[PDB]
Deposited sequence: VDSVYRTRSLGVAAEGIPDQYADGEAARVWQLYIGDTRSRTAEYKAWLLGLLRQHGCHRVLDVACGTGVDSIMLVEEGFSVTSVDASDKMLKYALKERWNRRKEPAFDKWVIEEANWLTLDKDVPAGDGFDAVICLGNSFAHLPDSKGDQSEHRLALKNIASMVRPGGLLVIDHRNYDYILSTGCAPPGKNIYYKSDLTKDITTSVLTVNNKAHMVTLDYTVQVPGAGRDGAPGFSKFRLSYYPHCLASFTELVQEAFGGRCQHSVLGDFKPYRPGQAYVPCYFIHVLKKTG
């Protein structure tokens, strides 16, 4: 009737040919986006190293590994890094970096694996747990909520948290959506991590379902061609009650705003909200 016949199943690959969509105009521009932003801010390195060291943390778990940029740093600082991610296409880059530098004893002890928050417990042979777990770069917002009850989110944090050893730390952040939703416009290049050395026109698209923010989409453009990403607009208010219950209350919360601590009714409006937690009980 009106069905469509595909040469190969979706998700399937074959020796000799590029995988599906591997080199469209959108993936190509996107490649440059994850490359022309694989640089870090001294302010960032300072803060991150600061927090981690002054906690006795050494065995760190990055659950938003990505191209490994944040882990490659902790690896150069002698930390015991375990980089993990659900995206094999993002991971390709972390691994490629580790192999190029396999001669450096540090990069030889760098564990890079594939894991999914939704099943992190079984995907990652932890056991002893880690001193610190990091999920920075606004990566958690990448996880949508197609279920409709944030349940998907609770499982993700419940799992991410049950990966930290008692008395352990958890640095999980997310952009400031309370502000983006309000202003409808999300500043382009207004980061605090990567030094934007690329041209980027960002078109913010918020979708409100029954008056409730449901999603934020960004269309990055450069010259003629563009690509897009979507995030779940998390409210600093709602994220907090959410990240804490993932621990079961047994946590010593604290929230920064672009590395500086945060006080409600504050004067400076943060670009990113970083939530740090010590797994008390």
Next on the checklist: Without any C-alpha position in the structure, which residue ranges of the deposited sequence would you list, numbering from 1?
Outcome noted: 224 to 234
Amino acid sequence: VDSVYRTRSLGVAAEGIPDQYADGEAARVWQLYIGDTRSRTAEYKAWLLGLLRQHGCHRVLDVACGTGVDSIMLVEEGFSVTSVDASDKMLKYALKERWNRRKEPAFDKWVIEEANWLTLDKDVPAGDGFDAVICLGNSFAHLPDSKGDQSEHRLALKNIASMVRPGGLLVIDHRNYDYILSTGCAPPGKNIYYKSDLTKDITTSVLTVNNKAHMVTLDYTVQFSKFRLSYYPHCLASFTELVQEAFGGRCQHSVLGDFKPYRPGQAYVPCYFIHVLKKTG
From here on, numbers count along this sequence of modelled residues.
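Rigid core (definition): largest C-alpha set, two forms, superposition within 1.5 Å.
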Item to check | Segment of greater CA departure in 6 other deposited structures of this protein, 240 to 248 or 25 to 33, core superposed | outcome: 25 to 33
Checklist outcome for this item: Should one compare 39 to 47 and 209 to 217 by root mean square Cα distance from the shown form in 6 other deposited structures of this protein, core superposed, the larger belongs to 39 to 47
Checklist outcome for this item: Quick note on 148 to 156 and 82 to 90: per-entry mean CA temperature factor is higher in 148 to 156
Next on the checklist: Averaging CA B factors per stretch from the PDB record, which one is higher: 40 to 48 or 225 to 233?
Outcome noted: 40 to 48
Item to check | Residue with highest C-alpha B-factor in the PDB entry, from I134, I192, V209, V75 | outcome: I192
Next on the checklist: Per the entry's Cα B factor values, which of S71, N138, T183, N176 stands out as the maximum?
Outcome noted: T183
Item to check | Chain-relative CA temperature factor third for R102 | outcome: middle
Checklist entry - With respect to C-alpha B-factor, does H214 fall in the lowest, middle or highest third of the chain as deposited? => result lowest
Item to check | Chain thirds of CA B-factor: placement of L95 | outcome: lowest
Next on the checklist: Ranking every modelled residue in this chain by its Cα temperature factor as given in the entry, which third contains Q31?
Outcome noted: middle
Checklist outcome for this item: Assert third(CA B-factor, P261) within chain per record equals highest
